[PDB]
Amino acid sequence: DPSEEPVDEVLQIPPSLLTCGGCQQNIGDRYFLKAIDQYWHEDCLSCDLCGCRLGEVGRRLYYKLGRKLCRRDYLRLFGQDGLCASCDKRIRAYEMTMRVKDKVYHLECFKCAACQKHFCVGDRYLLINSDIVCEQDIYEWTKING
């Protein structure tokens, strides 16, 4: 029958409950987040260390010792998996690092594997394994060989 029209039951989140866990204000937005038994504005759920939006990729956060953390910060604080690609030593929390491609380095470790010079802004380089090689070492290799 074309005359048949459905009557659906709707169970909404009550407007009183929609207070953000990060700013304590009402959420009147259509799109928002649920996490750790709270509701949040998309810009109100941040990493306690770095302050990035927490579930943007992978839809998960990492909670330990009263800290909501992103994957990398969680592993920097608690995980054994935060070693540098050059010196093979653990990356301290609150430490700024340099990532070339998929490998991570200390800034003092961010130097050429051959001539040992510290890289400057705009320096061309090549990454072989976990070794970064400067352009003038690539040119000096190919000069002897052709």
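Counting begins at 1, following the sequence as shown.
Remark: stretch with higher mean C-alpha B factor among 34-42 and 99-107 is 99-107. According to the PDB record, 84-92 carries the higher mean C-alpha B-factor of the two stretches 84-92 and 117-125.
In this PDB entry, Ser130 carries a Cα temperature factor that places it within the middle third of its chain's modelled residues. Compared with the other modelled residues of the chain, the Cα B-factor recorded for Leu18 ranks in the middle third.
Among the modelled residues of the chain, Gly79 sits in the highest third by CA temperature factor in this PDB entry.
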